[PDB]
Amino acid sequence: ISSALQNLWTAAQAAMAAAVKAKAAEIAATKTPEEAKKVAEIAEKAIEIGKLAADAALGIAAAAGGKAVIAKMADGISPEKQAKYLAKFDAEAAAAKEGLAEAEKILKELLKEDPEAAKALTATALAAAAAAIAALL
């Protein structure tokens, strides 16, 4: 049902987090335990960045697809309903861009905490997110 789709998305997010944590273990192995704890916290925030970016990309793509669907159902539907659903979809895209802004907010502080670990963990998170987004679509 929608059950299995949510199970798929849950498992994809779990794979993303597992990739980020594997990279985090690689980084922490060359650090003191006291700095490795910091690496772990940066890894958690990078996992969050990856989830946000994936959700935002999916929302933007769904909104664009819906607006294209309305642009074919041209005079098949009244201009009033056209505007109704084009707006609903613009709000959908706006929420996705809000998620992107929050991801940027987190990335800027992670760069203010440890730029090299932030860069590596966020690159791993975004790559796992791209792989999941492509696998779903």
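So that there is no doubt, residue numbering starts at 1 and follows the sequence shown.
A summary of the deposited B-factors shows that, of 109 to 117 and 17 to 25, the stretch with the larger mean C-alpha value is 109 to 117.
Relative to its counterpart among 50 to 58 and 91 to 99, 91 to 99 has the higher mean temperature factor, C-alpha atoms as listed in the PDB entry. In the deposited entry, the Cα temperature factor of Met73 places it in the highest third of its chain's modelled residues. Among all modelled residues in this chain, the alpha-carbon of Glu44 has a temperature factor (C-alpha) in the lowest third.
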